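These notes are about the structure you will find just below.
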Amino acid sequence: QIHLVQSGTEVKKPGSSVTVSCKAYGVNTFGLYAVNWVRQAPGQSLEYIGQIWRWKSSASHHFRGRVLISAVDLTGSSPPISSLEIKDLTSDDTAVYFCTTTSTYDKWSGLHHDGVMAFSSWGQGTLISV
Amino acid sequence: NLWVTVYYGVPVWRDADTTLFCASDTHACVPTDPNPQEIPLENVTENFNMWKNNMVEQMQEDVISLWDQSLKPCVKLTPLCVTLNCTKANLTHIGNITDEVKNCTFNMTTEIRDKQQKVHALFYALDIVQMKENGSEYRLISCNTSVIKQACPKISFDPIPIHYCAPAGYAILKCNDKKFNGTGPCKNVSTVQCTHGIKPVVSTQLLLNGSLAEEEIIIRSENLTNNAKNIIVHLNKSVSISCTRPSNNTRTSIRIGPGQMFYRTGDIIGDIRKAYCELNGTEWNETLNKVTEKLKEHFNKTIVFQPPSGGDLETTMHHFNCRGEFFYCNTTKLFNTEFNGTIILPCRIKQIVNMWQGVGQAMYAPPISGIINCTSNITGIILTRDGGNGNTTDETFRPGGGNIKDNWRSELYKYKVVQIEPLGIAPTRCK
Amino acid sequence: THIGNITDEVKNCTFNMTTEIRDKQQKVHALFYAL
Amino acid sequence: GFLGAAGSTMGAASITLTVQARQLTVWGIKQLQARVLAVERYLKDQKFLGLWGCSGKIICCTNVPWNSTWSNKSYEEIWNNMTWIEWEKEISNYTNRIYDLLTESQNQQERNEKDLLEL
Amino acid sequence: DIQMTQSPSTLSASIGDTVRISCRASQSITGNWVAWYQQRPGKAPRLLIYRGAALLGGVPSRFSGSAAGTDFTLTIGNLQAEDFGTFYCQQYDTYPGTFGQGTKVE
Ligand SMILES: *[C@@H]1O[C@H](CO)[C@@H](O[C@@H]2O[C@H](CO)[C@@H](O[C@@H]3O[C@H](CO[C@H]4O[C@H](CO[C@H]5O[C@H](CO)[C@@H](O)[C@H](O)[C@@H]5O[C@H]5O[C@H](CO)[C@@H](O)[C@H](O)[C@@H]5O)[C@@H](O)[C@H](O[C@H]5O[C@H](CO)[C@@H](O)[C@H](O)[C@@H]5O[C@H]5O[C@H](CO)[C@@H](O)[C@H](O)[C@@H]5O)[C@@H]4O)[C@@H](O)[C@H](O[C@H]4O[C@H](CO)[C@@H](O)[C@H](O)[C@@H]4O[C@H]4O[C@H](CO)[C@@H](O)[C@H](O)[C@@H]4O[C@H]4O[C@H](CO)[C@@H](O)[C@H](O)[C@@H]4O)[C@@H]3O)[C@H](O)[C@H]2NC(C)=O)[C@H](O)[C@H]1NC(C)=O
Ligand SMILES: *[C@@H]1O[C@H](CO)[C@@H](O[C@@H]2O[C@H](CO)[C@@H](O[C@@H]3O[C@H](CO[C@H]4O[C@H](CO)[C@@H](O)[C@H](O)[C@@H]4O)[C@@H](O)[C@H](O[C@H]4O[C@H](CO)[C@@H](O)[C@H](O)[C@@H]4O)[C@@H]3O)[C@H](O)[C@H]2NC(C)=O)[C@H](O)[C@H]1NC(C)=O
Ligand SMILES: *[C@@H]1O[C@H](CO)[C@@H](O[C@@H]2O[C@H](CO)[C@@H](O[C@@H]3O[C@H](CO)[C@@H](O)[C@H](O)[C@@H]3O)[C@H](O)[C@H]2NC(C)=O)[C@H](O)[C@H]1NC(C)=O
Ligand SMILES: *[C@@H]1O[C@H](CO)[C@@H](O[C@@H]2O[C@H](CO)[C@@H](O)[C@H](O)[C@H]2NC(C)=O)[C@H](O)[C@H]1NC(C)=O
Ligand SMILES: *[C@@H]1O[C@H](CO)[C@@H](O[C@@H]2O[C@H](CO)[C@@H](O)[C@H](O)[C@H]2NC(C)=O)[C@H](O)[C@H]1NC(C)=O
Ligand SMILES: *[C@@H]1O[C@H](CO)[C@@H](O[C@@H]2O[C@H](CO)[C@@H](O)[C@H](O)[C@H]2NC(C)=O)[C@H](O)[C@H]1NC(C)=O
Ligand SMILES: *[C@@H]1O[C@H](CO)[C@@H](O[C@@H]2O[C@H](CO)[C@@H](O)[C@H](O)[C@H]2NC(C)=O)[C@H](O)[C@H]1NC(C)=O
Ligand SMILES: *[C@@H]1O[C@H](CO)[C@@H](O[C@@H]2O[C@H](CO)[C@@H](O)[C@H](O)[C@H]2NC(C)=O)[C@H](O)[C@H]1NC(C)=O
Ligand SMILES: *[C@@H]1O[C@H](CO)[C@@H](O[C@@H]2O[C@H](CO)[C@@H](O)[C@H](O)[C@H]2NC(C)=O)[C@H](O)[C@H]1NC(C)=O
Ligand SMILES: *[C@@H]1O[C@H](CO)[C@@H](O[C@@H]2O[C@H](CO)[C@@H](O)[C@H](O)[C@H]2NC(C)=O)[C@H](O)[C@H]1NC(C)=O
Ligand SMILES: *[C@@H]1O[C@H](CO)[C@@H](O[C@@H]2O[C@H](CO)[C@@H](O)[C@H](O)[C@H]2NC(C)=O)[C@H](O)[C@H]1NC(C)=O
Ligand SMILES: *[C@@H]1O[C@H](CO)[C@@H](O)[C@H](O)[C@H]1NC(C)=O
Ligand SMILES: *[C@@H]1O[C@H](CO)[C@@H](O)[C@H](O)[C@H]1NC(C)=O
Ligand SMILES: *[C@@H]1O[C@H](CO)[C@@H](O)[C@H](O)[C@H]1NC(C)=O
Ligand SMILES: *[C@@H]1O[C@H](CO)[C@@H](O)[C@H](O)[C@H]1NC(C)=O
Ligand SMILES: *[C@@H]1O[C@H](CO)[C@@H](O)[C@H](O)[C@H]1NC(C)=O
Ligand SMILES: *[C@@H]1O[C@H](CO)[C@@H](O)[C@H](O)[C@H]1NC(C)=O
Ligand SMILES: *[C@@H]1O[C@H](CO)[C@@H](O)[C@H](O)[C@H]1NC(C)=O
Ligand SMILES: *[C@@H]1O[C@H](CO)[C@@H](O)[C@H](O)[C@H]1NC(C)=O
Ligand SMILES: *[C@@H]1O[C@H](CO)[C@@H](O)[C@H](O)[C@H]1NC(C)=O
Ligand SMILES: *[C@@H]1O[C@H](CO)[C@@H](O)[C@H](O)[C@H]1NC(C)=O
Ligand SMILES: *[C@@H]1O[C@H](CO)[C@@H](O)[C@H](O)[C@H]1NC(C)=O
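Protein chains in written order, with this note's numbering: chain S, 126 to 255; chain C, 293 to 723; chain B, 3 to 37; chain H, 30 to 148; chain D, 101 to 206.
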């Protein structure tokens, strides 16, 4: 099956930067799978953060210049991994961050519409408190 | 103010699995010589996955069917399962192959059932087994497994290129990305009706007489982190390898039934020296250095090469075919980490072969008279990683065979089969 | 020894059969039904 | 060429549909099966075309108005931005409806023409 | 751009019942680009419905969906204990994707 694992809870102070990892067991390659990073504030709804798709990195308007997303493929000792980095933290960024992966191999899948996508597999999510 | 308009001929395709025509120049494929017409597709990105391609399965089935159909109308060797009285050969009229051949005297049936003939043959030690320890009785290796059919005298073992041409309503997409590794998107796609000349060459550890990578060495694997998945290394510079048998076998016939002829080795008159393969040490050193450098991009540890383990003649020795004789060559010298000239690899010949691991039972290859010598190109290797899963500083790769499909994934990886849906519905201001 | 029993329907038959080598025969036995 | 302009917009793709439309002894059992299946697929496509009154045409106009619930995009956006694959994926849930309405419209046309000729 | 709203913010039901949840979008989505997720407390959300009315592998047949322009509906029949929690509603027609505020089933 597909299991996504992330790093543990991290407590930081304003002005610093944070990085969250996401190892994707079961994903053969990120050339056929797309990685989406999502936010969830406590007691609120989900918010899209960013995307790695076909080795192209994108972020929404509210996060441009502050969030950097990277990814590397299967290596031989570790599964493919994705990384989310937040440059400048503030009191409003405290939330649970989720790593999601969706298949893109079939053009007729129905789980993706020209880049904007659904999220079939989810990780357990990490907690970032500032 | 808009009405539905129907279009026929819309360029829309979907992934599909179909039966492809076979072309080359129950089961047969003999159309004319294909004349490929490649149409590039612009602004088209297509996903590829070589490990989920039905073309490989279809090719496996076609090769099995062809080999089985070729062997149907010729001799069954069921009288050969008798007790053979085998002694040491007299090749002196110390040698080199005197320890690999046995002079076996036995009884056979003849034209008429009520009389029997006492005849003799020269059998390689790998094709016979000893029944009672320290005794002189021997049995053919396959007599407890299956019945063996002699290869029909007129069968040519030289592979012929095979093209797979799709029917109407289907197309074959080809990925022209030169650094392609089998899985992922392709931004330079072309469409064709069928492929290039694909030769069904059977080999175990080194891929022979194949295509070469355009720019750099490519490493393919279904799952790198899985030690049970083989690694296909595709080279961009082939290495010439020659392989010869100097024994000068003599082919003699025994009539074993009403119109059934059995061909066997009678004597070894000339040179007495083991069959061997010559290779160039410097070129192999360069190729191994390049493969090591390319593999270091994936594994961050020191990379070493070790000979295969297991002890079986298959899955340890490099198996191939030369003019009809089946060679098993020892490549321990070739993968071990001297290389300052010509490398000589020992080889042995087998006559009772099972190429498809029991699917086609077993086949007896008749001897070929004369000094035999073939030349081939090494274009790829198959490797397997030792899953130690420990705190070591080295990764050890070993030559390893496996499914024959791995010899056909290395040439069908850049092909995809799609089905065309030509109906379209659009809003146009036409009533 | 080791509604009714099947001792009157099963017979113990010994015979010779061909082995995978044509030169030797093996003496074997089987239990066959009388029908 | 065949499947050329697959990445082009539908406005440019609709110009040359005929290029793609034109391409659309013991033999062996598989070759016979493939030939029969190809003939069957061609005949199925021709049956669908002939059910709507477009038997021998490449571009055929009909009398079914375009419902905005099927797709509400602009004419320029459809015919100058997207490709054919994207469009066919967008409206994949309404194809059967449109087919049924086309068949019904053709039937009504035939019956009304017969009634008019009777008059 | 498309902002989606779910009406029954708080909802209660018993085992064996049938419930409906409704999503309204600011614009019509003709491509049925709507997905339905389920989330239990302390766990990651799980995708249940995509393309308006399609089921993933392993999702029970009880769940169902319907799509019509701006109105999307999720129907749960023969409600069980494991089906409680917060249900979420997402669109992926116009970049970026946007989620609903969620409906709690107690
Ligand atoms: C088969 O085959 C295939 C093919 O052939 C293959 O594939 C492959 O794969 C691979 C992998 O493996 C890959 O690679 C990769 O990639 C990726 C991607 O990238 C991309 O992106 C990025 C980003 O972007 C962004 O940002 C920027 C900034 O400036 C900008 O500019 C842009 O535009 C964007 O932006 C956007 O977005 C954002 C968000 O994100 C926002 O915000 C904004 O606003 C906007 O919107 C980029 O950058 C990149 O770029 C690059 O590249 C290019 C190309 O062309 C170039 O040009 C450039 O220049 C650059 O470059 C650079 O880099 C490189 C690398 O290599 C180098 O070399 C150079 O020199 C330079 O420097 C792109 O675009 C990525 O991500 C990755 O990366 C990674 O890795 C590497 C390696 O080496 C490294 O270096 C880096 O650093 C990284 O790492 C990281 O990560 C990881 C993961 O996670 C980790 O682990 C680590 O640790 C690290 O981390 C670190 O760092 C970070 C930062 O980064 C931090 O944060 C942390 O904390 C730490 O510290 C890579 O590169 C490739 O690509 C592919 N290919 C193709 C063709 O594509 C496959 O694989 C095969 N298969 C097998 C099985 O084998
Ligand atoms: C990788 O690819 C190479 C190159 O294709 C293969 O090596 C060739 O293999 C073929 C087939 O085994 C060889 O062809 C055979 O050569 C024999 C020796 O040739 C002598 O006699 C001919 C007679 O004209 C002379 O021209 C020549 O100079 C030699 O003096 C022939 O006796 C064979 O004849 C058989 O085939 C013909 C086909 O028409 C029949 O009519 C005959 O009755 C007979 O059955 C045959 O022609 C060829 O010589 C090899 N070339 C080299 C350079 O070695 C490798 O085998 C291949 N690797 C694989 C498959 O693993
Ligand atoms: C390629 O091979 C690797 C190695 O064999 C596979 O990795 C294995 O993936 C499975 C599930 O995909 C992992 O099992 C799961 O592990 C998580 C870890 O937390 C655990 O929570 C689950 O209960 C489950 O046991 C397994 O650990 C993992 N092993 C290694 C060594 O990475 C990978 O799945 C293969 N990929 C493909 C596409 O075949
Ligand atoms: C197998 O062949 C060997 C040699 O042909 C036979 O051994 C010979 O037996 C005769 C008679 O017993 C002796 O006079 C010879 O000296 C033997 N030769 C050798 C080299 O020992 C042997 O009897 C044959 N066995 C069977 C079962 O046929
Ligand atoms: C294999 O054995 C046969 C018989 O055991 C050999 O044939 C004999 O060869 C000797 C050689 O001096 C002759 O004197 C005999 O007349 C031959 N007998 C028959 C019946 O032909 C044969 O030479 C042996 N072959 C090899 C390669 O050792
Ligand atoms: C047919 O006979 C061969 C030997 O002639 C058998 O192969 C041997 O199998 C035993 C089983 O434990 C191994 O210990 C030996 O190492 C094997 N020898 C060789 C040369 O492979 C084979 O198993 C037999 N086949 C069947 C179906 O019984
Ligand atoms: C075959 O591929 C190898 C790569 O594995 C090529 O070797 C590299 O060539 C580039 C050319 O600029 C050098 O920068 C690298 O240092 C080379 N790497 C190694 C390990 O040698 C090789 O040139 C290719 N050969 C041909 C004929 O294309
Ligand atoms: C293949 O050849 C290698 C070397 O040419 C053989 O391995 C050697 O076997 C001798 C025994 O005579 C040992 O003393 C050496 O240490 C071995 N060398 C290595 C590197 O292992 C090997 O036995 C041969 N295999 C077969 C099946 O003949
Ligand atoms: C075979 O390849 C090895 C590995 O590249 C060569 O060993 C290198 O030799 C050069 C001398 O020309 C040294 O500078 C390198 O440090 C050596 N490599 C290593 C890893 O130590 C070897 O010379 C080659 N042999 C032949 C005959 O070409
Ligand atoms: C197989 O035959 C080829 C060609 O006959 C041999 O290659 C050449 O053989 C001639 C002898 O006629 C030599 O003069 C050349 O030097 C050989 N060329 C090369 C590149 O070595 C080849 O040697 C034969 N195979 C073996 C194993 O000897
Ligand atoms: C629109 O059509 C798609 C298919 O073109 C429907 O998705 C299918 O849903 C069924 C029901 O679970 C699945 O078995 C199929 O695998 C789905 N197909 C694909 C390609 O994913 C979708 O349900 C339709 N939407 C509506 C609202 O009717
Ligand atoms: C081999 O045969 C030769 C003659 O062909 C004979 O002189 C010699 O003694 C024989 N040797 C053996 C071991 O049979
Ligand atoms: C071989 O056949 C001959 C005559 O046909 C017979 O005399 C001899 O005993 C046979 N030997 C064996 C081992 O069957
Ligand atoms: C695409 O591949 C073909 C193969 O012949 C090549 O000629 C062409 O230059 C390639 N185009 C690009 C953009 O890589
Ligand atoms: C090989 O053996 C045949 C058969 O006797 C012979 O005619 C030929 O001259 C031999 N070739 C050699 C010894 O080179
Ligand atoms: C036998 O031939 C092989 C050829 O690979 C050679 O290496 C070996 O030295 C030879 N043995 C003898 C005893 O001549
Ligand atoms: C091996 O290759 C090198 C480099 O091409 C060449 O100089 C040498 O003569 C070759 N040796 C043999 C035995 O082929
Ligand atoms: C081996 O490679 C050389 C050079 O690339 C080529 O001339 C020769 O035809 C190749 N041999 C085969 C059998 O393809
Ligand atoms: C089998 O049945 C017969 C009845 O004729 C009886 O005499 C005999 O003892 C029985 N054998 C058993 C029960 O083992
Ligand atoms: C079975 O074979 C033996 C010899 O091995 C023979 O003595 C016996 O008569 C044979 N029995 C039958 C029933 O043919
Ligand atoms: C691909 O896109 C470019 C846009 O720069 C266009 O000029 C070209 O015509 C397109 N390809 C085809 C086959 O229409
Ligand atoms: C579109 O179809 C619906 C089906 O319920 C219908 O109510 C509506 O009137 C149709 N619109 C047009 C413009 O035909």
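Note that beta-carbon positions come from the ideal geometry of N, C-alpha and C, so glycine has one too.
Keeping to the same chain, check which residues put their C-beta closer than 6 Å to that of residue i; ignore five residues upstream and five downstream.
| i | result |
| --- | --- |
| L174 (chain D) | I121, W136 and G165 |
| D309 (chain C) | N346 |
| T105 (chain D) | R124 |
| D678 (chain C) | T688 |
CB-CB under 7 Å to residue i, same chain, minus the five flanking residues each way: which ones, in chain order?
| i | result |
| --- | --- |
| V12 (chain B) | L33 and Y35 |
With distances taken from CA atoms, which of the options is nearest residue i?
| i | options | result |
| --- | --- | --- |
| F627 (chain C) | C:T584, C:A308 and C:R640 | C:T584 |
| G562 (chain C) | C:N592, C:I663 and C:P326 | C:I663 |
| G177 (chain D) | D:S126, D:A167 and D:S161 | D:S161 |
| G301 (chain C) | C:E713, C:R721, C:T720 and C:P719 | C:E713 |
| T623 (chain C) | C:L637, C:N613 and C:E617 | C:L637 |
| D74 (chain H) | H:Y128, H:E139 and H:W113 | H:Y128 |
| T170 (chain D) | D:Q191, D:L179, D:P141 and D:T203 | D:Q191 |
| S100 (chain H) | C:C722, C:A718 and C:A458 | C:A718 |
| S513 (chain C) | C:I523, C:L504 and C:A505 | C:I523 |
| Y150 (chain S) | S:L129, S:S207, S:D218 and S:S141 | S:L129 |
Please indicate yes or no: does the CB of residue i lie closer than 7 Å to some heavy atom of ligand 8?
| i | result |
| --- | --- |
| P599 (chain C) | yes |
Is any heavy atom in ligand 10 found nearer than 7 Å to the beta carbon of residue i?
| i | result |
| --- | --- |
| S534 (chain C) | yes |
Taking DSSP's pairing of strands, which residues face residue i in a bridge?
| i | result |
| --- | --- |
| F618 (chain C) | C:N613 and C:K642 |
| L637 (chain C) | C:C569 |
| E429 (chain C) | C:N377 |
May I ask whether a heavy atom of ligand 17 can be found less than 7 Å away from the beta carbon of residue i?
| i | result |
| --- | --- |
| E575 (chain C) | yes |
| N683 (chain C) | no |
Cβ of residue i within 7 Å of any heavy atom in ligand 15?
| i | result |
| --- | --- |
| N480 (chain C) | no |
Nearer than 7 Å: is that true of the beta carbon of residue i relative to any heavy atom of ligand 11?
| i | result |
| --- | --- |
| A308 (chain C) | no |
Report all residues from its chain with a CB closer than 8 Å to the CB of residue i; omit the five preceding and five following residues, and keep chain order.
| i | result |
| --- | --- |
| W113 (chain H) | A35, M39 and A42 |
May I ask whether a heavy atom of ligand 18 can be found less than 7 Å away from the beta carbon of residue i?
| i | result |
| --- | --- |
| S668 (chain C) | yes |
Just to confirm, does residue i get its C-beta within under 7 Å of one of the non-hydrogen atoms of ligand 7?
| i | result |
| --- | --- |
| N528 (chain C) | yes |
Item to check | Any residue whose CB is nearer than 5 Å to a heavy atom belonging to ligand 3, listed in chain order | outcome: S:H128, S:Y150, S:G151, S:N153, C:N515, C:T517 and C:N518
Item to check | Those residues, in chain order, that have a beta-carbon closer than 7 Å to some heavy atom of ligand 6 | outcome: C:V421, C:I433, C:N436 and C:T437
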